[PDB]
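First the structure, then my questions, so here it is.
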Amino acid sequence: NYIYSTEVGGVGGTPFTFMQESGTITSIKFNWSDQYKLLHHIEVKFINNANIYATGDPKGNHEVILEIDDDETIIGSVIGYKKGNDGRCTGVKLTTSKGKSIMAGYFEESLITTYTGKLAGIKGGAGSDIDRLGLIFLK
Amino acid sequence: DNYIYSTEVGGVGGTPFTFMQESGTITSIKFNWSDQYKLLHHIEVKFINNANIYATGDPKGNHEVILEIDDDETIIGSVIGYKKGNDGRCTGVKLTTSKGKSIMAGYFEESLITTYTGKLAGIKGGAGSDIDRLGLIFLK
Amino acid sequence: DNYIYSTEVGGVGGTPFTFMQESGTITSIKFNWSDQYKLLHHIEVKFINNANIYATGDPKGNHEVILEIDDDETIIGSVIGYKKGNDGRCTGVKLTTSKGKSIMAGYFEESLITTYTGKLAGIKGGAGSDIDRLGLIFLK
Amino acid sequence: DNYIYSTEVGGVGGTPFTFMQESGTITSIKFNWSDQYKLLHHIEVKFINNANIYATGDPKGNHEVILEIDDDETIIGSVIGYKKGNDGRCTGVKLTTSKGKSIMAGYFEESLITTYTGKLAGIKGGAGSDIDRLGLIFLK
Amino acid sequence: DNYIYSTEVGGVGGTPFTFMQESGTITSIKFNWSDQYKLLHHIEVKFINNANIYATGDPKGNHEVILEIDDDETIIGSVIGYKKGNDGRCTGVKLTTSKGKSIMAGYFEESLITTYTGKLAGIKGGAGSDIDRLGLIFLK
Amino acid sequence: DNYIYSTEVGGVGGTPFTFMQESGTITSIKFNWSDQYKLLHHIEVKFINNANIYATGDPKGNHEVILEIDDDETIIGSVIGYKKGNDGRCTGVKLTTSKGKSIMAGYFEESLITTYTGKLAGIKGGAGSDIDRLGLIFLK
Amino acid sequence: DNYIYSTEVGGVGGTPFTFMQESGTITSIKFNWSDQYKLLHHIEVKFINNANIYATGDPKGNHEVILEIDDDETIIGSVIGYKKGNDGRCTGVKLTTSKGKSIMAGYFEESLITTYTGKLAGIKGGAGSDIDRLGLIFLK
């Protein structure tokens, strides 16, 4: 019942997989730096669940939060990254079925335009930086 | 509840405030901010069928904006700018309505939240000299 | 009432005025303003079925705009620029209508209100050499 | 009446004129203007079922525009540029129609009116060397 | 008649032409103009169900444009540029159709007419070396 | 016939060509052109249910574009650039389709035609070294 | 067939490749390109219900883009840039989807094709160091 968007970036970091069965993401936060031009930290909240699921080191000078209504889908989703085994996530642009949008970080090397739908989860690897990030949707 | 609570953004400082009125919605909201500090300093809210002005923070800035909200008019677009961390502050609010009205108060230099939308019902957070933290409240 | 009263913005100065005619609406309004002082100085209003011209302020400014309003035309966008505080003044008005007509008078360098919308019935406030204060009035 | 009179804008100077015909609407209108003075100098009008040209003003300008109006075509947007005061003059006309046709005559540097909309039926004002003052006339 | 005659614009010079066919409409029109004189010089017109080319003027210009018109396609926008006066000339034509097709011929440096609209049925005016004068003709 | 013939624009030179297939529409068209001469030099065409390539002119140009046409896709906009006269040439083609596809080949510096529209069925004209003339063919 | 083959554009060089799966469509496609050479160098494709990655060409470029395609998502706009001739190369791709998604890879300085549209089923062409030749394949 889930669609796994391609994980983009490098092979480094501590693995993460955040997905509650019968739930969807109600809030997502991205943390990035002007110093490295990288995403560093991600936080996620699910419906009817106050717990925050986090990865990465929140050392960046900027963060954006997107709140998602229960009937709201992602209709546009771009992740910017540096490719190769030594790849990092650099940016994210999300647009919703209600015209809400967020833009984090930088888009200077490689891009992926992912699958659309109801955002259910995230998987990847993170340490000091977001090495790699894949979105997960409902089928 | 019958209400959606958007995340409070900013620091942990100042005196807590909650502005909500049983079976009531915001008909008017006022933001005060300074070019000197690039922060919101003061917020004022009025509800439908209630002439009382509910205020928090110190009205010391050189700019103010007021948004009046028709009884049927909703928020379709909402951004709050803030400085993140325990020591944080709310720096700015952009609202757009179901009738093409829009306001821009203060600054959006550090962190942003794109909040939940709907019929604006209340606000909560903390304030003293400054708005330390701000979260919107909507009907279901 | 059968009226919505938008906030009076600006100072407490000048002679009070209320332009409202029972069972009538504003067919014409005129805004006079100066580049010298960047203030509104003078406002005239004509109502439906009334040849009488209601005026307030001193027509001292070097610019004037007139908006004519069709009987079935409403305001869908309204911003008033003003200097806040007791010594305040109303500095500018932008109006847009249900038919794509729009006017822009004066300056928007200090505070702003995005008012209520609807069928413009009347205006209230205070004036002398300048428009000290302006509130719009709409039908429910 | 069965008519709407838009405000005559400009000066008190020149010979008065009123162009209207029983059960007849404007089928054509011409505006003469100069780059040297940036005024309207001359207006001509033809009515439905009437080959007579009604003209006023001194046709001395280096530009002219004609708008032809289909029998079922209305004015949806109408801006007249003018210099305010007793020594005033009409400086420009922008008209936009129900079928997307549009003309621009003259200059818009001092004062503007956005008039009423509808089926153009006549014009009135005063002209000598220049168009001192112009008001539009529409069916109810 | 069953015809609308748009104003003939330009001077009184050259040889008269009138191109119309009973129960027919313009399927093609060609405008020849020059960068040297910034004038139209030559016009050709073909009618529905008729192989004949009706031409007037001197084809001496360095540019031509052709608009082909589908049987159900009307003119929704039509602008003719000209020099006014007895010694006048026709300088350009812009036409836009019910299908989004358009053409621009020549220059719009002096006077302009926004014409009547509808199904293009014919043209009349005067021509010699130049197109002195041009009017359009439409069905009712 | 069951076909509409757009005007052949260009000159009288080259070898004639006519590309049409019984019960067959154009599925692919290629334009070759030079920056050196600012002309079309070569055209290739394929029809529905037919793998043969019909070609004319010499492919000496440094640019090509291909348009592929879905079976239900029509041309809603079509401009051919040319040099007029007996020694004329085809210089450019702009096509826009019912699905928002569009190509632009070559140059539009001298003369233009906006052609008939519909389902492109074939082409005719003449070519040798260059495309001397080109006319489009559509279904009724 | 049940397949529409767009023209393979570019050179005759490289190792031929054909990526198609019986009763399957493309779910992901990656283009790798260089600013140094302004060519595509490498392509990867994944099909519905199939975890295998089909690659061709040499991934030596400094940029990559991935377009993921929803199961019901089609191609409504498709341009490939290329150098024509026996010695040719693919230089760029633009894809636009039924859902407002788009990618742009590489360069468009010489020749273009606007291909057929629909549900993208596969690709074919040749590749070694570079993408010499690319053709898209759609469902009927």
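Labels A, B, C, D, E, F and G are assigned to the chains in the order they are written; within every chain, residues are numbered from 1.
Keep this in mind: a contact is a pair of C-beta atoms (placed from the backbone, for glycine too) under 8 Å apart; a residue touches a chain by one contact, two chains touch by 3 or more.
Composition by chain, UniProt nomenclature: A, B, C, D, E, F, G = Jacalin-type lectin domain-containing protein.
**Student:** Measuring from the mean C-alpha position of chain A to the mean C-alpha position of chain G, what distance in angstrom results?
**Tutor:** Computed from C-alpha means, the inter-chain centre distance equals 27 Å.
**Student:** Centroid from C-alpha atoms only, then distance chain E to chain G, rounded to Å. What do you get?
**Tutor:** Centres of chain E and chain G (C-alpha means) sit 49 Å apart.
**Student:** Centre to centre, by mean C-alpha position, how many angstrom separate chain B and chain F?
**Tutor:** 62
**Student:** So with touch defined the way it is at the top, what topology do the chains form here? Options are line, ring, star, complete, other.
**Tutor:** Ring.
**Student:** How would you write out the ring, from chain D onward through chain E?
**Tutor:** D, E, F, G, A, B, C
**Student:** Which stretch or stretches of chain D touch chain E in the complex?
**Tutor:** It is residues 28, 62-68, 70, 99-103 of chain D that touch chain E.
**Student:** Residues of chain C touching chain B in their complex?
**Tutor:** 6-7, 9, 76-77, 84, 110-118
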